[PDB]
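A short worksheet on the structure shown next.
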Amino acid sequence: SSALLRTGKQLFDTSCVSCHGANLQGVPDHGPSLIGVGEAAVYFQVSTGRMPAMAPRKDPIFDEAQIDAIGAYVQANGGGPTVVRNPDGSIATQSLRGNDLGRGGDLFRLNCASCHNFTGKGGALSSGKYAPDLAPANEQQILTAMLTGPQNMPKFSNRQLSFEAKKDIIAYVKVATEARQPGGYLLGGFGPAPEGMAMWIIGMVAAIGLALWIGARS
Amino acid sequence: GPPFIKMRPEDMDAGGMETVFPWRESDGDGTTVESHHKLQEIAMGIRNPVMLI
Amino acid sequence: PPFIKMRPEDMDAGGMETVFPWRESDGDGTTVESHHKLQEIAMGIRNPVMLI
Ligand code: HEC
Ligand code: HEC
């Protein structure tokens with residue numbers, strides 16, 4: 001367990017010691033100290049492919065339950081928020097899903113929609129980094145990422161937001177994106193700029209083609 | 001529950017972003033018609049919202 | 001309260017009144033939902049009844 005965690009984090013020197021130190025001290029030049037964040041931070045930052053880079057999402061590195069070992073190691077090193085687990089030894093998947101939607105939608109439009117999007121797609125920020133799309137997001141990582149406060153994202157405490165609020169938020173997020181749009185083909189969830197592009201590229205072309213077919217050139 | 005609840009200094013984080021609105025305790029919670037209408041009026045105000053970081 | 005209950009003694013041999021269904025489960029006109037329920041009771045074409 002703890003020894004296996006040390007093996008998979010420090011003895012597996014490919015991952016930890018090259019940026020944060022064997023004792024999780026934190027080299028000031030490259031990364032942070034990494035001493036006050038709990039196992040949830042590690043679980044989110046590892047299971048979503050945001051692995052050490054040269055940082056957009058990529059394939060995960062550790063998947064064979066050793067993420068639990070890394071989380072145990074970091075939580076033993078220092079306290080912090082922990083992963084919400086199903087009452088059977090596994091991670092909660094549908095128990096986290098709530099029932100209320102109006103309150104969840106209002107909270108999304110009050111604090112979530114600002115950066116990400118109205119419909120949860122990608123959002124635009126300033127000077128490089130951006131807002132990723134929520135389509136490849138899974139609910140446990142959604143809750144853990146909110147509770148963790150990753151780069152450029154405001155950290156959220158469980159004290160200021162009720163657990164029912166998280167359940168409603170994740171329920172609304174999963175409903176909005178996974179539901180079929182009852183308006184035909186979707187156009188990226190953006191404003192009317194792609195709509196105008198589509199008008200100029202399809203309506204104009206077909207209209208002028210029909211005009212040339214009907215009319216004559218002389 | 002009341003549309004707005006009071007705020008404590010401990011209920012924040014080192015990088016927390018929140019939205020607050022004036023309360024005016026004489027307003028009261030959203031139970032009576034007058035209180036509900038006053039709460040809606042304070043909700044619909046352009047220059048009301050304030051960030052606290 | 002917009003509506004109050006009725007007693008047999010509170011009439012006269014030549015008096016007329018207008019009454020509406022009460023349905024006490026709605027409650028008095030204090031909360032928003034009870035207020036809307038009472039108003040929609042008041043907003044009904046086939047509701048009013050004359051007792052003479
Ligand atoms: C320098 C290469 C690099 C290595 C190696 C690396 N990371 Fe990171 N990661 C970073 C940097 C730099 C940050 C600081 C914030 C950022 O850049 O997003 C970070 C952020 C984090 C965060 C979220 C921010 C925080 O304060 O907690 C966690 C959790 C984390 N690292 C854990 C790990 C774990 C676990 C490993 C071993 C699998 C690891 N790091 C190895 C680059 C690296
Ligand atoms: C612009 C400020 C900002 C706000 C406001 C914001 N986020 Fe984030 N969030 C970010 C950034 C930037 C990232 C991606 C950082 C990265 O990929 O390293 C992120 C990451 C995420 C992720 C992880 C996606 C993934 O694939 O890993 C989810 C889910 C998410 N945000 C949803 C939310 C929720 C829920 C809220 C409301 C609590 C929210 N966003 C509000 C900045 C913000």
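Note on naming: chains are A, B, ... as they come in the structure tokens, residues start from 1 per chain, ligands start from 1 in the order shown.
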Quick one: residues within 9 Å of ligand 1, with only C-alpha atoms and all ligand atoms, as a PyMOL selection string? chain A and resi 8-10+12-20+29-46+50-55+61-62+67+70-71+74+148-152
Can I get the residues of chain A within 8 Å of ligand 2, each with the closest pair of atoms and their distance in Å to one decimal, using only C-alpha atoms and all ligand atoms, sorted chain first then ascending number, as a Markdown table?
```
| residue | atom | partner | partner_atom_place_in_ligand_line | distance |
| --- | --- | --- | --- | --- |
| A:44 | CA | ligand 2 | 27 (O) | 7.6 |
| A:45 | CA | ligand 2 | 27 (O) | 8.0 |
| A:48 | CA | ligand 2 | 27 (O) | 5.8 |
| A:50 | CA | ligand 2 | 18 (O) | 7.0 |
| A:55 | CA | ligand 2 | 18 (O) | 6.1 |
| A:56 | CA | ligand 2 | 17 (O) | 5.8 |
| A:57 | CA | ligand 2 | 17 (O) | 6.7 |
| A:108 | CA | ligand 2 | 37 (C) | 6.7 |
| A:111 | CA | ligand 2 | 37 (C) | 5.1 |
| A:112 | CA | ligand 2 | 37 (C) | 3.7 |
| A:113 | CA | ligand 2 | 41 (C) | 7.0 |
| A:114 | CA | ligand 2 | 5 (C) | 5.6 |
| A:115 | CA | ligand 2 | 1 (C) | 4.3 |
| A:116 | CA | ligand 2 | 40 (N) | 5.9 |
| A:125 | CA | ligand 2 | 1 (C) | 6.6 |
| A:129 | CA | ligand 2 | 12 (C) | 6.3 |
| A:130 | CA | ligand 2 | 12 (C) | 5.5 |
| A:131 | CA | ligand 2 | 12 (C) | 4.9 |
| A:132 | CA | ligand 2 | 14 (C) | 5.7 |
| A:133 | CA | ligand 2 | 26 (O) | 6.7 |
| A:134 | CA | ligand 2 | 29 (C) | 5.4 |
| A:135 | CA | ligand 2 | 26 (O) | 7.7 |
| A:136 | CA | ligand 2 | 26 (O) | 5.8 |
| A:137 | CA | ligand 2 | 26 (O) | 4.9 |
| A:138 | CA | ligand 2 | 29 (C) | 7.6 |
| A:139 | CA | ligand 2 | 29 (C) | 7.9 |
| A:141 | CA | ligand 2 | 29 (C) | 7.0 |
| A:142 | CA | ligand 2 | 29 (C) | 4.3 |
| A:143 | CA | ligand 2 | 35 (C) | 7.4 |
| A:145 | CA | ligand 2 | 23 (C) | 6.0 |
| A:146 | CA | ligand 2 | 38 (C) | 5.4 |
| A:150 | CA | ligand 2 | 15 (C) | 6.0 |
| A:151 | CA | ligand 2 | 15 (C) | 5.3 |
| A:152 | CA | ligand 2 | 12 (C) | 4.7 |
| A:153 | CA | ligand 2 | 42 (C) | 3.7 |
| A:154 | CA | ligand 2 | 4 (C) | 5.9 |
| A:155 | CA | ligand 2 | 38 (C) | 7.8 |
| A:156 | CA | ligand 2 | 38 (C) | 6.6 |
| A:169 | CA | ligand 2 | 35 (C) | 7.1 |
| A:170 | CA | ligand 2 | 35 (C) | 7.7 |
```
Need the shell around region 37-47 of chain B: protein/DNA/RNA residues with any atom at most 8 Å away, counting only C-alpha atoms. Skip same-chain ones fewer than 4 positions apart. Format as an MDAnalysis selection string? chainID B and resid 3 21:22 27 30 33
Could those selected residues go to a file with C-alpha atoms, as an mmCIF file, in the first residue's frame?
```cif
data_model
loop_
_atom_site.group_PDB
_atom_site.id
_atom_site.type_symbol
_atom_site.label_atom_id
_atom_site.label_comp_id
_atom_site.auth_asym_id
_atom_site.auth_seq_id
_atom_site.Cartn_x
_atom_site.Cartn_y
_atom_site.Cartn_z
ATOM 1 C CA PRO B 3 -32.840 33.181 -2.461
ATOM 2 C CA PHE B 21 -25.934 41.028 -3.574
ATOM 3 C CA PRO B 22 -27.236 43.546 -1.021
ATOM 4 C CA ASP B 27 -36.455 42.829 3.445
ATOM 5 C CA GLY B 30 -39.141 35.080 0.452
ATOM 6 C CA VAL B 33 -45.807 38.512 -1.538
#
```
For residue 1 (chain C), find every residue with an atom within 12 Å (counting only C-alpha atoms), except residues of its own chain fewer than 2 positions away, and show them as a list in words. residues 3, 4, 5, 22, 27, 28, 29, 30, 31, 34, 35, 38 and 39 of chain C
Keeping only N, CA and C atoms, take the residues you just selected and write them out as a PDB file, in the first residue's frame.
```
ATOM      1  N   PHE C   3     -60.283  35.076   1.564  1.00  0.00           N
ATOM      2  CA  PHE C   3     -61.558  34.404   1.768  1.00  0.00           C
ATOM      3  C   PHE C   3     -61.647  33.895   3.198  1.00  0.00           C
ATOM      4  N   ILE C   4     -62.859  33.922   3.754  1.00  0.00           N
ATOM      5  CA  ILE C   4     -63.124  33.433   5.100  1.00  0.00           C
ATOM      6  C   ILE C   4     -64.295  32.462   5.044  1.00  0.00           C
ATOM      7  N   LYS C   5     -64.367  31.597   6.051  1.00  0.00           N
ATOM      8  CA  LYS C   5     -65.413  30.588   6.091  1.00  0.00           C
ATOM      9  C   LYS C   5     -66.753  31.222   6.463  1.00  0.00           C
ATOM     10  N   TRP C  22     -63.415  26.633  -1.325  1.00  0.00           N
ATOM     11  CA  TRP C  22     -62.308  26.947  -0.426  1.00  0.00           C
ATOM     12  C   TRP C  22     -61.148  25.965  -0.566  1.00  0.00           C
ATOM     13  N   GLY C  27     -54.441  26.449   1.682  1.00  0.00           N
ATOM     14  CA  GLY C  27     -53.909  27.329   2.700  1.00  0.00           C
ATOM     15  C   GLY C  27     -54.291  28.784   2.478  1.00  0.00           C
ATOM     16  N   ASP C  28     -53.941  29.607   3.463  1.00  0.00           N
ATOM     17  CA  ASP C  28     -54.244  31.027   3.399  1.00  0.00           C
ATOM     18  C   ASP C  28     -53.282  31.745   2.455  1.00  0.00           C
ATOM     19  N   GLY C  29     -53.659  32.964   2.077  1.00  0.00           N
ATOM     20  CA  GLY C  29     -52.872  33.741   1.139  1.00  0.00           C
ATOM     21  C   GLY C  29     -51.633  34.368   1.741  1.00  0.00           C
ATOM     22  N   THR C  30     -50.691  33.534   2.177  1.00  0.00           N
ATOM     23  CA  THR C  30     -49.421  33.995   2.721  1.00  0.00           C
ATOM     24  C   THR C  30     -48.241  33.642   1.828  1.00  0.00           C
ATOM     25  N   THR C  31     -48.138  32.387   1.408  1.00  0.00           N
ATOM     26  CA  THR C  31     -47.068  31.950   0.525  1.00  0.00           C
ATOM     27  C   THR C  31     -47.436  32.208  -0.932  1.00  0.00           C
ATOM     28  N   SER C  34     -49.694  29.345  -2.392  1.00  0.00           N
ATOM     29  CA  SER C  34     -51.057  29.470  -1.891  1.00  0.00           C
ATOM     30  C   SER C  34     -51.754  30.682  -2.496  1.00  0.00           C
ATOM     31  N   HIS C  35     -51.019  31.784  -2.666  1.00  0.00           N
ATOM     32  CA  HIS C  35     -51.591  32.967  -3.299  1.00  0.00           C
ATOM     33  C   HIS C  35     -52.036  32.667  -4.725  1.00  0.00           C
ATOM     34  N   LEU C  38     -55.176  30.428  -4.647  1.00  0.00           N
ATOM     35  CA  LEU C  38     -56.376  31.194  -4.332  1.00  0.00           C
ATOM     36  C   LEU C  38     -56.798  32.061  -5.510  1.00  0.00           C
ATOM     37  N   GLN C  39     -55.831  32.663  -6.204  1.00  0.00           N
ATOM     38  CA  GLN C  39     -56.170  33.508  -7.342  1.00  0.00           C
ATOM     39  C   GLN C  39     -56.775  32.697  -8.483  1.00  0.00           C
TER      40      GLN C  39
END
```
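In terms of minimum interatomic distance to residue 16 (chain B), A:159 ranks closest within A:159, A:174, A:180, A:109, counting only C-alpha atoms.
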May I have all residues of chain B that DSSP, computed from the backbone, assigns to helix (DSSP H, G or I), given as a tab-separated table (two decimals) with N, CA, C and O atoms, in the first residue's frame?
```tsv
chain	number	residue	atom	x	y	z
B	25	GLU	N	-31.67	43.46	5.64
B	25	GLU	CA	-32.36	42.52	6.51
B	25	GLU	C	-33.84	42.82	6.72
B	25	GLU	O	-34.64	41.90	6.90
B	26	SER	N	-34.22	44.11	6.71
B	26	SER	CA	-35.64	44.45	6.80
B	26	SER	C	-36.44	43.88	5.64
B	26	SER	O	-37.67	43.80	5.73
B	27	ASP	N	-35.78	43.49	4.55
B	27	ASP	CA	-36.46	42.83	3.45
B	27	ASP	C	-37.15	41.55	3.90
B	27	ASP	O	-38.34	41.35	3.65
B	33	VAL	N	-45.80	37.96	-0.19
B	33	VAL	CA	-45.81	38.51	-1.54
B	33	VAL	C	-44.91	39.74	-1.62
B	33	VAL	O	-44.13	39.89	-2.57
B	34	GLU	N	-45.01	40.64	-0.64
B	34	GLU	CA	-44.20	41.86	-0.66
B	34	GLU	C	-42.72	41.53	-0.57
B	34	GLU	O	-41.90	42.11	-1.30
B	35	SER	N	-42.34	40.62	0.33
B	35	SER	CA	-40.94	40.24	0.46
B	35	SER	C	-40.43	39.58	-0.82
B	35	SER	O	-39.30	39.86	-1.26
B	36	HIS	N	-41.24	38.71	-1.43
B	36	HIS	CA	-40.83	38.07	-2.67
B	36	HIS	C	-40.64	39.08	-3.79
B	36	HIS	O	-39.66	39.01	-4.55
B	37	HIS	N	-41.56	40.04	-3.90
B	37	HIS	CA	-41.43	41.06	-4.94
B	37	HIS	C	-40.22	41.95	-4.70
B	37	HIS	O	-39.53	42.34	-5.65
B	38	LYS	N	-39.94	42.29	-3.44
B	38	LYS	CA	-38.75	43.08	-3.13
B	38	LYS	C	-37.48	42.31	-3.46
B	38	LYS	O	-36.51	42.89	-3.97
B	39	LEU	N	-37.45	41.01	-3.16
B	39	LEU	CA	-36.29	40.19	-3.50
B	39	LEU	C	-36.10	40.12	-5.01
B	39	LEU	O	-34.97	40.19	-5.51
B	40	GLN	N	-37.19	39.99	-5.76
B	40	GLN	CA	-37.07	40.01	-7.22
B	40	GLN	C	-36.59	41.36	-7.71
B	40	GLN	O	-35.78	41.42	-8.65
B	41	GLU	N	-37.05	42.45	-7.10
B	41	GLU	CA	-36.61	43.78	-7.51
B	41	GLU	C	-35.12	43.96	-7.27
B	41	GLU	O	-34.40	44.50	-8.12
B	42	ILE	N	-34.63	43.52	-6.11
B	42	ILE	CA	-33.20	43.63	-5.84
B	42	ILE	C	-32.41	42.69	-6.75
B	42	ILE	O	-31.25	42.95	-7.07
B	43	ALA	N	-33.03	41.58	-7.17
B	43	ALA	CA	-32.37	40.69	-8.13
B	43	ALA	C	-32.23	41.36	-9.49
B	43	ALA	O	-31.17	41.26	-10.13
```
Set the distance at 10 Å and use only C-alpha atoms: which residues neighbour residue 160 (chain A) once local chain neighbours fewer than 6 positions away are removed? I'd like the list as JSON, numbers by chain. {"B": [7, 8, 10, 11, 12, 13, 16, 18]}
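For the residues C:49, C:43, C:32, C:16, ranking by smallest atom-to-atom distance to residue 32 (chain B) using only C-alpha atoms places C:32 first.
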List every residue of chain C that DSSP, applied to the backbone of this structure, assigns to strand (DSSP E), and report them as number ranges by chain. C: 17-19, 49-51
Which residues are near residue 89 (chain A)? Cut-off 12 Å, only C-alpha atoms, ignore same chain within fewer than 5 positions. Put them as a PyMOL selection string. chain A and resi 68+83-84
Please produce a file of those selected residues containing C-alpha atoms, as a compact mmCIF listing (two decimals), in the first residue's frame.
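Below is the file that was written, out04.txt:
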```
# COMPACT_ATOMS: atom_id res chain seq x y z
CA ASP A 68 -5.28 5.03 -5.76
CA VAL A 83 -12.29 11.10 -3.55
CA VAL A 84 -15.96 10.30 -3.01
```
Residues within 8 Å of residue 20 (chain C), only C-alpha atoms, excluding chain neighbours under 6 positions, as a list in words: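 Near neighbours after the sequence-gap exclusion: residues 41, 42, 47, 48 and 49 of chain C.
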Could the residues in this selection be saved with N, CA and C atoms as a compact mmCIF listing (two decimals), in the first residue's frame?
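That gives us out_25.txt:
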```
# COMPACT_ATOMS: atom_id res chain seq x y z
N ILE C 41 -58.41 29.93 -8.15
CA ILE C 41 -59.78 29.66 -7.71
C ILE C 41 -60.67 30.86 -8.01
N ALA C 42 -60.18 32.07 -7.71
CA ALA C 42 -60.95 33.27 -8.02
C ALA C 42 -61.10 33.46 -9.52
N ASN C 47 -67.06 29.03 -11.44
CA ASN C 47 -66.86 28.96 -9.99
C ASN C 47 -67.96 29.64 -9.18
N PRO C 48 -68.30 30.91 -9.43
CA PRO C 48 -69.14 31.64 -8.46
C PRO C 48 -70.50 30.99 -8.25
N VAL C 49 -70.97 31.05 -7.01
CA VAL C 49 -72.24 30.46 -6.61
C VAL C 49 -72.96 31.45 -5.71
```
